[PDB]
Amino acid sequence: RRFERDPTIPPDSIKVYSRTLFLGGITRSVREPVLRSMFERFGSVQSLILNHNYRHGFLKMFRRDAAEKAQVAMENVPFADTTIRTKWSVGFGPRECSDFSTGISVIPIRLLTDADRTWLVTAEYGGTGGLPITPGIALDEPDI
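Using PDB author numbering, the first residue of the sequence shown is number 388, and each one after it goes up by one.
Here is the structure:
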(Lines of atoms letter the chains of each structure in order from A and count residues from 1; the text may use other names and numbers.)
(Lines give C-alpha, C1' and ligand atoms only; values in the text may rest on other atoms or scores of the structure.)
Protein backbone atom coordinates (compact mmCIF):
# COMPACT_ATOMS: atom_id res chain seq x y z
CA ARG A 1 0.00 0.00 0.00
CA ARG A 2 1.13 3.53 -0.76
CA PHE A 3 1.87 5.47 2.40
CA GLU A 4 4.75 7.50 1.01
CA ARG A 5 6.44 10.50 2.55
CA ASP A 6 6.35 12.97 -0.33
CA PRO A 7 8.27 16.25 0.12
CA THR A 8 6.42 17.86 -2.79
CA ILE A 9 3.23 18.04 -0.65
CA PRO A 10 2.53 21.46 0.95
CA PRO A 11 1.96 21.89 4.66
CA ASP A 12 -1.18 20.47 6.13
CA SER A 13 -2.03 18.52 2.96
CA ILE A 14 -2.11 14.99 1.56
CA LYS A 15 -1.78 13.70 -1.99
CA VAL A 16 -4.25 11.13 -3.37
CA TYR A 17 -3.85 9.07 -6.53
CA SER A 18 -7.13 8.07 -8.13
CA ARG A 19 -7.70 4.39 -8.91
CA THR A 20 -10.80 5.19 -10.98
CA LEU A 21 -11.01 5.71 -14.74
CA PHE A 22 -13.76 7.52 -16.62
CA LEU A 23 -14.88 5.71 -19.78
CA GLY A 24 -16.29 7.91 -22.56
CA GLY A 25 -17.89 7.03 -25.87
CA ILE A 26 -19.86 4.12 -24.39
CA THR A 27 -22.54 3.30 -26.93
CA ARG A 28 -24.85 0.33 -26.48
CA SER A 29 -22.48 -1.80 -28.56
CA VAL A 30 -19.93 -1.52 -25.72
CA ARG A 31 -20.84 -4.00 -22.99
CA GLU A 32 -19.54 -4.72 -19.49
CA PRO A 33 -18.05 -8.20 -20.09
CA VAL A 34 -16.00 -6.94 -23.03
CA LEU A 35 -14.70 -3.88 -21.20
CA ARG A 36 -13.89 -6.04 -18.18
CA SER A 37 -11.80 -8.38 -20.33
CA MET A 38 -10.03 -5.46 -21.98
CA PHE A 39 -9.06 -3.90 -18.65
CA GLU A 40 -8.10 -7.22 -16.99
CA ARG A 41 -5.04 -7.26 -19.24
CA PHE A 42 -3.61 -4.43 -17.07
CA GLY A 43 -4.51 -5.80 -13.64
CA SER A 44 -7.40 -6.85 -11.44
CA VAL A 45 -10.61 -4.89 -11.89
CA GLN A 46 -12.30 -3.97 -8.61
CA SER A 47 -15.47 -2.40 -10.01
CA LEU A 48 -16.94 -1.53 -13.38
CA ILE A 49 -20.25 0.26 -13.88
CA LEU A 50 -21.63 1.37 -17.22
CA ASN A 51 -24.47 3.82 -17.70
CA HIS A 52 -25.48 3.81 -21.34
CA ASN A 53 -28.01 6.57 -20.76
CA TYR A 54 -25.04 8.95 -20.22
CA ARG A 55 -22.72 7.25 -22.76
CA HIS A 56 -20.20 6.66 -20.02
CA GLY A 57 -18.80 4.27 -17.38
CA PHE A 58 -16.44 4.13 -14.42
CA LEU A 59 -13.82 1.47 -13.78
CA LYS A 60 -11.81 1.13 -10.59
CA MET A 61 -8.64 -0.96 -10.41
CA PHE A 62 -7.35 -2.49 -7.20
CA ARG A 63 -3.92 -0.93 -7.95
CA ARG A 64 -3.03 2.59 -9.05
CA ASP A 65 -0.18 1.32 -11.28
CA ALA A 66 -2.63 -0.94 -13.15
CA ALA A 67 -4.98 1.99 -13.61
CA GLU A 68 -2.13 4.02 -15.11
CA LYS A 69 -1.23 1.24 -17.54
CA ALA A 70 -4.89 0.86 -18.54
CA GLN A 71 -5.41 4.59 -19.03
CA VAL A 72 -2.46 5.00 -21.41
CA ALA A 73 -3.32 1.88 -23.43
CA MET A 74 -7.07 2.50 -23.60
CA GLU A 75 -7.02 6.28 -24.01
CA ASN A 76 -8.50 6.17 -27.53
CA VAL A 77 -9.67 2.79 -28.82
CA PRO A 78 -11.88 2.48 -31.91
CA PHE A 79 -14.60 -0.04 -31.17
CA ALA A 80 -17.71 -0.94 -33.19
CA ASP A 81 -19.62 2.34 -33.85
CA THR A 82 -17.61 4.44 -31.41
CA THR A 83 -14.23 5.11 -29.79
CA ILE A 84 -13.66 4.16 -26.17
CA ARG A 85 -11.96 7.10 -24.47
CA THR A 86 -10.37 6.36 -21.10
CA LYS A 87 -9.47 9.29 -18.82
CA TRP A 88 -8.96 9.78 -15.10
CA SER A 89 -11.94 10.15 -12.78
CA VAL A 90 -11.48 12.13 -9.59
CA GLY A 91 -14.25 10.96 -7.26
CA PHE A 92 -12.60 11.51 -3.87
CA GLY A 93 -12.19 14.86 -2.11
CA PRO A 94 -12.58 18.34 -3.70
CA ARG A 95 -12.31 18.44 -7.48
CA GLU A 96 -10.74 21.93 -7.03
CA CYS A 97 -7.67 20.11 -5.65
CA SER A 98 -7.04 17.82 -8.61
CA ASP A 99 -5.18 17.42 -11.84
CA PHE A 100 -7.69 15.69 -14.10
CA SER A 101 -4.90 14.87 -16.60
CA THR A 102 -3.31 12.46 -14.14
CA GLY A 103 -5.96 11.78 -11.54
CA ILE A 104 -3.82 13.19 -8.72
CA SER A 105 -5.12 15.49 -6.00
CA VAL A 106 -3.31 17.56 -3.37
CA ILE A 107 -5.87 18.15 -0.63
CA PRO A 108 -5.56 20.41 2.43
CA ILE A 109 -6.53 18.15 5.32
CA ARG A 110 -8.89 20.80 6.67
CA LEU A 111 -11.11 20.32 3.56
CA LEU A 112 -11.71 16.60 4.05
CA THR A 113 -15.20 15.80 5.25
CA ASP A 114 -15.68 13.48 8.21
CA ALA A 115 -16.81 10.77 5.80
CA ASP A 116 -13.70 11.31 3.65
CA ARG A 117 -11.55 11.03 6.80
CA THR A 118 -13.24 7.80 7.90
CA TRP A 119 -12.96 6.19 4.48
CA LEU A 120 -9.27 7.05 4.24
CA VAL A 121 -8.50 5.21 7.46
CA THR A 122 -10.85 2.21 7.03
CA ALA A 123 -10.31 1.41 3.35
CA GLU A 124 -9.22 -2.12 2.45
CA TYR A 125 -7.58 -0.77 -0.73
CA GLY A 126 -5.99 2.65 -0.78
CA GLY A 127 -6.08 5.02 2.16
CA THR A 128 -3.80 4.95 5.17
CA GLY A 129 -3.90 1.28 6.11
CA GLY A 130 -5.26 2.25 9.52
CA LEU A 131 -2.81 5.04 10.35
CA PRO A 132 -4.01 8.58 11.02
CA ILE A 133 -4.29 11.19 8.31
CA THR A 134 -1.17 13.31 8.61
CA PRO A 135 0.42 15.94 6.39
CA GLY A 136 3.03 15.23 3.79
CA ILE A 137 1.83 11.71 2.94
CA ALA A 138 0.78 10.42 -0.47
CA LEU A 139 -1.85 7.70 -0.65
CA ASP A 140 -4.00 5.96 -3.19
CA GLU A 141 -7.75 6.56 -3.46
CA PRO A 142 -9.62 4.81 -0.63
CA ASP A 143 -12.49 2.47 -1.08
CA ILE A 144 -15.61 4.10 0.31
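From the three backbone atoms N, C-alpha and C, an ideal C-beta is built for every residue, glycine too.
Problem - Cross-strand partners of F409 (DSSP beta bridge) - result: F445 and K474
Practice task
Apply the 10 Å Cβ neighbour rule to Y404 and answer buried if 16 or more other Cβ atoms are within range, or exposed otherwise.
Solution key: buried
Handout entry: Selected residue, minimal CA-CA separation from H443, among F409, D486 and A525
Key = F409
Exercise for the section: Would you mind sorting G517 into buried or exposed? The rule is 16 or more other CB atoms within 10 Å of its CB. Expected result: exposed
Practice task
Return helix, strand or coil for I494, following the three-state DSSP convention.
Solution key: strand
Exercise for the section: Throw me the rounded Cβ distance for the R451 and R388 pair, which I believe falls under 8 Å. Expected result: Not really, about 10 Å apart at Cβ, beyond 8 Å.
Exercise for the section: Report the option in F487, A454 and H439 whose CA atom is closest to the CA atom of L446. Expected result: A454
Handout entry: Beta carbon of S424 nearer than 9 Å to that of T469
Key = no
Problem - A467, buried or exposed, once every other Cβ within 10 Å from all chains shown has been counted against 16 - result: exposed
Practice task
From the DSSP output, in three-state form, read off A460 for me.
Solution key: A460 falls in the helix class under three-state DSSP.
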